[PDB]
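First comes one chain, alone, set out as structure tokens in the form deposited without the named molecule.
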């Protein structure tokens, strides 16, 4: 696509593909999640990026800490969806990347997303606050006045997610990543976690309901040779509490919540 007239956001139109849709012939939440990360990459490339000059000298990367997605209408197979994305500072806590999905024909908002990214060393995996010299390097590509995709004060994207208590109501055990699940850098794609979380949602809910909200908290990366267990409990529209953990020791890697509506 291209940067908007002010250079402070990026837009891209995607045509939804045959293998990108589910049983309802509309894009899956993982296809939407894939399209959000693609428009985010093109926005970074269009302004010279995904690290700054300081970041590569210090072996620093932006890592996902939290992802929140709300979908009102899933684009059908053959439909064009327009996604607009931008970044914003959260001082020294990290960066936020926001998205707005629109119907290319009507112009209506059909979905929206927000993500929280934190600075981390590539080698030790130790968290880090954003330095001023780093902030100066990317502020010129962000709106100065706040531009929020989810502007509601105390909303679903900032809610504290509790840890799921054993025994879980549902579970999908023995989940492993394949080469298609890794990115260009050999790490498991952040979208795979969405898929693994939804694997423990019972098929009856998937057949009768539509996923409206998904909030995911990223605690630890699943390695190529790791095995995950996906756990789910109904906390309620249908509401679920989720937990991804290592098959062996039970080390937590993700926690989240989903909200579904009757079709």
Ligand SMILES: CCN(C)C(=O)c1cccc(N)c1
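Take the two forms, find the largest set of C-alpha atoms that superpose within 1.5 Å, and that set is the rigid core. Positions refer to the first chain, counted from 1.
- Relative to the shown model and aligned on the rigid core, the C-alphas in 9 other deposited structures of this protein deviate most, among 28-36 and 60-68, for 60-68.
- Between 134-142 and 99-107, the larger mean CA deviation from the shown form in 9 other deposited structures of this protein, after core superposition, belongs to 134-142.
- The deposited sequence places 10 or more unmodelled residues between residue 236 and residue 237.
- The question of which stretch, 59-67 or 221-229, has the higher mean Cα B factor is settled in favour of 221-229.
- For the pair 106-114 and 159-167, the record assigns the higher mean C-alpha temperature factor to 159-167.
- You'll see in the entry that, of 137, 152, 84, 123, the Cα B factor peaks at 152.
- Remark: residue 245 belongs to the middle third of its chain, ranked by C-alpha B-factor as recorded.
- Among the modelled residues of the chain, residue 185 sits in the highest third by CA temperature factor in this PDB entry.
- Annotation for residue 131: CA B-factor lies in the middle third of the chain's modelled residues.
- When the modelled residues of the chain are ordered by C-alpha B-factor, residue 194 sits in the lowest third.
- For residue 147, the recorded CA temperature factor ranks within the highest third of the chain's modelled residues.
Form solved in complex with the named molecule: not shown, discussed below.
- Contact annotation: residue 118 falls within 4.5 Å of the named molecule in the deposited bound form, judged by heavy atom distances.
- By the criterion of a heavy atom within 4.5 Å, residue 64 is counted among the residues contacting the named molecule in the deposited bound form.
- Along 193-223, these residues reach a heavy atom to within 4.5 Å of the named molecule in the deposited bound form: 193, 218, 219, 220, 221.
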